[PDB]
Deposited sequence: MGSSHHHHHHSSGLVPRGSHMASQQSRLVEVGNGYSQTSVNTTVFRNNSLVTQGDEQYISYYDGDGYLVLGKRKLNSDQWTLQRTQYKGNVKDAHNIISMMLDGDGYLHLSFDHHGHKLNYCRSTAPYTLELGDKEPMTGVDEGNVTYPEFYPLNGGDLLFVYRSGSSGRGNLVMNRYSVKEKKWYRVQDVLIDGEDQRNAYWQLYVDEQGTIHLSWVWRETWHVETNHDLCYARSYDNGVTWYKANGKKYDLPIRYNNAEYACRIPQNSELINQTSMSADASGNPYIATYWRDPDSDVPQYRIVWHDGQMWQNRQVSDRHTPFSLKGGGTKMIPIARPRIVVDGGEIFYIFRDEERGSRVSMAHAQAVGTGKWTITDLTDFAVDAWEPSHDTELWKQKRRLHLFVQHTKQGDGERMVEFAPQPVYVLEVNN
């Protein structure tokens, strides 16, 4: 396990180190690309050969509102190697731009994608699709409720298209908070929690959908097609988790090479005061859930002392990345040989605290090479000097 220093990043908020940076770190071919805000709030882009520890860094023209930890950067490369960057939103007009050439750390001007409903964006996320295309998802707040908007980028036409405007429907009654993953077959996996009111304690349930055709048609894990949009009544429930369970929103999910989904989150049992990390997965036959952690320290959502988790999986083997005040807020990993049946082995991957850090990882490196690389930086959530950004090669 190797810590590869990149450069100093902003540390006074967790903006560089949230679970919903999709991506902070991404590989294509033999190169890995990184993005973060530096100490002065500028968007920095970096790249290296995966062999090397030598990064080439470029400070861009863009500064972000780093004082707000929502205002993350998400990056991805398309099939032709152009970087796509979206950044600095908390209910703001879309900030999106492309590199001026493939594999180059130079960004063009801000541009629209479709120009439709791009005035109130939070949580930009990119995902690669088959054939070098991209998926972009964001939370549109323009209606007064967060709504999932999903676009596709045609790498051959260099154009974005709307895929779904109305995918998850709260029916003016509830909210949803989602995460996604595109698997090795190019299948889009989607999971989410509902929230009945504005308050976090009214988070409940975990639902799921997938799309094999770049987001046009959607299916349940049980194989039934969805009639869109997906509402409380017709959603597939991966797990029923009631309100007031300290169920967290906006975590992460993955899938194995068989296209089976895994969702990492945490919640608290009715009979306990202690939230525990969980894994919820569908093995082709049924949904299951299992407690990952063995925590003893209560907390309530109503800095959160545990991070929202990331996972990678290789044929039922799970690496479950987290951070917990019980473990000195280090980067920690829970590992099972078999998700459902193997003992969990919990280890620390750093010997130092990263405090407000939450994991994000090189999703494409995992899919392509089965190497787990994490974006690691000690952040707080505060007078605190810029702290080195690392890639932690697990």
| query | finding |
| --- | --- |
| Unmodelled ranges, which are counted on the deposited sequence from position 1 and given in order | 1-25, 328-332, 412-417, 431-432 |
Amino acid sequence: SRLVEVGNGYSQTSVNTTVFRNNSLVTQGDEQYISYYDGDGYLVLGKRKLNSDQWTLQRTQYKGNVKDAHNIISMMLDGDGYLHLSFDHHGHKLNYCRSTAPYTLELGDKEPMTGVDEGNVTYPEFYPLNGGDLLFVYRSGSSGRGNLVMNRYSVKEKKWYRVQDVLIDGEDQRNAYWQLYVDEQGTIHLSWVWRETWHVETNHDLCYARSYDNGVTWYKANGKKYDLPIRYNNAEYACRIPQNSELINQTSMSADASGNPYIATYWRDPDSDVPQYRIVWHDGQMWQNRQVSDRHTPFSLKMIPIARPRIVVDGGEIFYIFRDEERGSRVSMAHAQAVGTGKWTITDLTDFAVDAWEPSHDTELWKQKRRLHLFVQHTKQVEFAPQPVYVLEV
From here on, numbers count along this sequence of modelled residues.
property: Higher-scoring stretch by recorded Cα B factor average, 223-231 or 238-246; result: 223-231
property: 190-198 versus 158-166 - which carries the larger mean C-alpha B factor in the record; result: 158-166
property: Of the residues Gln32, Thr345, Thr363, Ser35, the one carrying the largest Cα B-factor as recorded; result: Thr345
property: C-alpha B-factor winner, where the candidates are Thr297, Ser211, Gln179, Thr265; result: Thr297
property: Third of the chain's Cα B-factor distribution that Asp133 belongs to, per the entry; result: middle
property: Lowest, middle or highest third - CA B-factor, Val292; result: middle
property: B-factor third for the C-alpha atom of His282 within its chain; result: lowest
property: Third of the chain's Cα B-factor distribution that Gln173 belongs to, per the entry; result: highest
property: Third assignment of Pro275 from its chain's C-alpha B-factors; result: lowest
